[PDB]
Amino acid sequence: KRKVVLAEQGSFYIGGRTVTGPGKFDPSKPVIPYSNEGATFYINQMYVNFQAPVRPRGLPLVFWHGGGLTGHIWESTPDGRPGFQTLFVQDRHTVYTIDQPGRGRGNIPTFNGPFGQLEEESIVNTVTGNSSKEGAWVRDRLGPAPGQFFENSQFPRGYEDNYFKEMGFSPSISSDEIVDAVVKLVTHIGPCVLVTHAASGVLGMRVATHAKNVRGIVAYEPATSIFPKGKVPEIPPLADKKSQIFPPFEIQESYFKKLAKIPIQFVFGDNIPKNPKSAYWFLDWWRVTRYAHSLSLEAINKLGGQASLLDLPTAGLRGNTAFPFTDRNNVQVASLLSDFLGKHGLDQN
């Protein structure tokens, strides 16, 4: 159960670009304090870790953390149980885990000067945003309010400090450049499966439309829905009559159609309400967001697709949060992922 046998492991950087400061670099002049003079900076590169089993079977999996997270969430649960990285190497797949540009070991583009600014150019915004513990608690559906847990909870209660410590801010790197780095990784790896989460859901759908090597997608609790341009369906506002879900991403139909060529599964945990819930903003947000995803999957299927929505409670798993792959039943969640890979032959050579 904890033992893992690796034919090889390692990490590397991929993607990104360079930006430059003014002037020329003189090696005879004091190098410290650092200057933008004569400077070349590498920005927006992505960190990638890989672990390959002996005699892998089927396609490599690329695990893509959600918003404000890192590859840690696939390594271990907050209470130190094996994450999906270990579980899937044991299941004979080569496993890639990434820290996308702007997160963890990915690049945070800043220089000498106010955060994100290279002389007169704003690479990323100096003003940041970041969730609180309280905002994350309700976002991830630990309970309806901070400190509270849903009755059926699979959260590793007692490890709240570990869990919230894994979360942080993201600088304003364009989503285009985040997608670009993962497209480059997919080109490097070859045929593979993307396993996404929350904010990376929409990004992985975009990658698949740019990269035929994506042979399947499993998206845990995706945060933003995707539709063909001009064909976003009517989506209701939230129960507070004022808020809405995240504006759906729209792509050209030629690209959207590529989503119909591969198996796609969206996976949702528990405690998303059926009915409007004005007292709990994020619970209601999830209700309408899941609804929008159901319509997005239907649009894919009408174009010939193989898109499905898996509600974990319907599979007999109760109490999952928005991070089902780190919950107490994450081994059963992993079993359902293995089932999907087996159904489509993505676990065979």
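Don't overthink the numbering: it's just position in the shown sequence, from 1.
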With reference to the PDB entry, specify whether the mean Cα temperature factor is higher for 275-283 or for 80-88. 275-283
Comparing average C-alpha B factors as deposited, tell me which of 317-325 and 22-30 sits higher. 22-30
Based on the PDB record, which member of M46, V62, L69, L303 exhibits the highest Cα temperature factor? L303
What's the residue among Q265, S200, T97, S174 with the greatest CA temperature factor in the PDB record? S174
Compared with the other modelled residues in the chain, in which third is the CA B-factor of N36? highest
Considering only modelled residues of the same chain, in which third does the CA B-factor of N213 rank: lowest, middle or highest? middle
Grab the CA temperature factor for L238 from the record and place it in the lowest, middle or highest third of its chain. highest
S122: CA B-factor among chain residues, third -> highest
Please place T110 in the lowest, middle or highest third of its chain by C-alpha B factor as given in the entry. middle
